Structure formats: C-alpha cells, structure tokens
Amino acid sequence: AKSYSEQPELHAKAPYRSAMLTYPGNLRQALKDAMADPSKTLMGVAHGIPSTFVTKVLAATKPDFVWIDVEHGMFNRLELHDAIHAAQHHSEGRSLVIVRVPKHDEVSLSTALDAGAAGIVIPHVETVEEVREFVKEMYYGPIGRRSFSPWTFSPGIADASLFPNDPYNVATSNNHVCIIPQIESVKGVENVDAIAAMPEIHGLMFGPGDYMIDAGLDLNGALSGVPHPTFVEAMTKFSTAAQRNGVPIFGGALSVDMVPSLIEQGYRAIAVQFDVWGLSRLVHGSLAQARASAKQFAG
C-alpha cells in the first residue's frame, strides 16, 4: 500500500526518454513541442566541470537538459561517457543530454553518441559542407555512415527500443538525435542564410564571445551599455535566418530574467545556469556579503 509503484506522485515525468536510459531521449520531439508551445521552451544547465559527481548533482535538480561542453570542458573519454549516462539515469530520463564537441574530433563525437547524447552542437560552423560531415558521422545509413557499436547494448538482454523491430536502436538514434550548428565567426554570420536553410539541422546557436573576438569588437566594452551595432546586425541576421526556416535557437541566459525576451526572439533551448561560473559567483558573493557584515565588529 506504500511501495514506489503504489505512489504515483513519486514517479518520474520523463516525456521524451527512450526505452533504455543508455540511449538518447527524444530531443527532436522536445524541440518540436517547444516550437508548438513556447511555454515548453527547454530550460537546462551548462556543464563544464569534469566530474560525474557534479553531473549527478545537476541531474537531481531535473533540468530539461544538461549541456556538456567537450570542446572546452576537460572531460576524458570514459568520464564523458559516464557523465552522459549519469545525466540521463540520475534524472530518470527527464534530462536530455546535448554535447558541444570539438569541431574535428571523431572520437569525442562517437563517444557522445554511443553514450546517449540526444543533441550535438558543432562549433565554428561556416559552411554547409562542415555540417554535412557531421551528418555523415552522426546518423546511420541511409542518412549517414555512422559506425554501429556492439558494446552499447546486449542482444536479447538489453536492447529495448520505443520503435518496432528495432533491436539495434537504429531508429531510436536516427529519429531522436539532433544537430545544432554554432555560428561564431564573421564568415559564419556571412553565410548564415545557407546554414539555417539546411534540411538536416534541428537548431542554431550563436557564440557571442568568439564572434566578437573575430569581428574585432571590444568584448565587454559597452561604454554606456548598448552592444556594438555590428554585433546587433549579426544577431539580427542570425535570428531572422533561424526564424524564417523554422529552426529553434539554442542559447544561454546571462540572467534568468532574460528568458522571456529570449523566447520572444525564438530561443527554445536555454541554458539558465552554468556550473563553473554559477558556483564561482555563488561562493564569491557569499564570502563578500559575509565579510562585509562582519566589519561592524572591528576594533
């Protein structure tokens, strides 16, 4: 009368999980659902601390996704695999996993996919050809030429799929996994109309920092506020291209109160906290407040 199965209120709500949590959840559908109803915009967390223990703490807060950065995050291969597994298992399927991979590292990519990542963000995209190279490695034939791993499952033992006669989860992979090009250079912005129009993509992300450096704009240099006009134009071209092609934007929110504006701009997947900067600011701020409040005891 009190077992877990008899207490529905305790059950996990994981609308997009696969039959097995070692496989990617359906980010493809999650994005389509957020486009249809923006109140369902995915709210997630950026994960750059190379610690599966941290992934577990993040997963327990039940974010819509955990965005793991392998381009700049110091994750070893096995640890990346374990972090992806931990995100999906410790959130019991509620947290989809998106991984930003190094632009030319095939091993990081296959590791992320084999472990269950539902989305791949490609940095520094400037051509449609660069994106198609990822399509080839990310999807099984007939879509691409992704290599099938034998170690991810066990025939007749651990091979469940949401799809019919899909013992190898090829359908799961080709139907759930998403590709998200990241535009973060002058050349990328100049060719964004073509990239945004690719039938193969499921999202678009901008890299303000790298863009500003490449554009020769003083990053964090708004004298009297107001971003540089060149940046404004770049973001306008980028966002309009995504919107016209029905592509949701992926991005981060410097402050959570920016969310409504981002949604109005077309963002449907927003990282609302970043583990490294978030923890740093939380601790630094608490220390500052504490010391300040102790000054009254001087003398």
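Sequential numbering from 1, following the sequence displayed.
Set 157-165 against 218-226 and average the Cα temperature factors; 218-226 ends up higher. In this entry, 34-42 shows the higher mean Cα temperature factor of the pair 34-42 and 59-67. Taking the deposited Cα B-factors for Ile49, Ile270, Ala242, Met235, the highest one is held by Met235. Of the candidates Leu27, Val247, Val54, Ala253, the one whose C-alpha carries the top B factor in the deposited record is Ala253. Residue-level temperature factors show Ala288 in the middle third of its chain, judged at the C-alpha atom.
When the modelled residues of the chain are ordered by C-alpha B-factor, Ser91 sits in the lowest third. Placement of the Cα temperature factor of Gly207 within the chain: middle third of the modelled residues, per the deposited record.
Among the modelled residues of its chain, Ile143 has a C-alpha B-factor that falls in the highest third according to the deposited record. Split the chain's modelled residues into thirds by C-alpha temperature factor. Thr152 is in the highest one.
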